[PDB]
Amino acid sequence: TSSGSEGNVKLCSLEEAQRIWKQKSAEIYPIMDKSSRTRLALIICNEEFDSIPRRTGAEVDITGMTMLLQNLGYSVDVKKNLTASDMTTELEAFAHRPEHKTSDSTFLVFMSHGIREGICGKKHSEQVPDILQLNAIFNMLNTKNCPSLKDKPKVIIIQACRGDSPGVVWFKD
């Protein structure tokens, strides 16, 4: 049944959890007790823009990701229509959250327009660039700037274009 907290996510049984604990030795990331852990996740989604096309359909992505990360046991922050500077501010605030200390992992989701150089903020134009670089996301979440998440998986998901190209070439059989 999908009525529980995990929803449509297929459950891992205790027998399955033991087999995984056996097939691989001490090469799995430790998970914290469910009763005490405070898992956090952050979604930043830009749909409304000043100078570039509206990202119609983004709400479906927000719903899906929010529900998914909740199903996996994460408390989800959803931030919408931010400039690159606002994204940085939010990321910095997210890295400072005390719950990360009593968490075993995190998820970061960025959904926006993008170019080769990085992710588009709300105020982006070719004339006045407003870009958050992937490099900066890593820097803000590393051991120096986010010591709470040391030794813990940090999964970063990005839905965005990385240029204008269709990503295809032709070949004959």
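Note that the rigid core is defined as the largest set of C-alphas that superpose within 1.5 Å between two forms. Residue indices: 1-based, along the sequence shown.
Displacement analysis by core superposition in 6 other deposited structures of this protein ranks 24 to 32 above the other of 104 to 112 and 24 to 32 in root-mean-square C-alpha distance from the shown form.
Looking at 15 to 23 and 157 to 165, the one farther from the shown form in 6 other deposited structures of this protein by average CA distance, after a rigid core fit, turns out to be 15 to 23. Comparing 66 to 74 with 115 to 123, the stretch with the higher mean C-alpha B-factor in the PDB entry is 115 to 123. Comparing the deposited coordinates for 124 to 132 and 34 to 42, the stretch with the larger average C-alpha B-factor is 124 to 132. Residues shown: 162, 154, 19, 150. Highest C-alpha temperature factor in the entry: 19. When the CA B factors of the chain's modelled residues are split into thirds, the value for residue 61 lands in the middle one. Remark: residue 9 belongs to the middle third of its chain, ranked by C-alpha B-factor as recorded.
Residue 105: CA B factor lies in the lowest third for its chain, per the PDB record. Looking at the C-alpha B-factors along this chain, the one for residue 52 belongs to the highest third. Placement of the Cα temperature factor of residue 28 within the chain: middle third of the modelled residues, per the deposited record.
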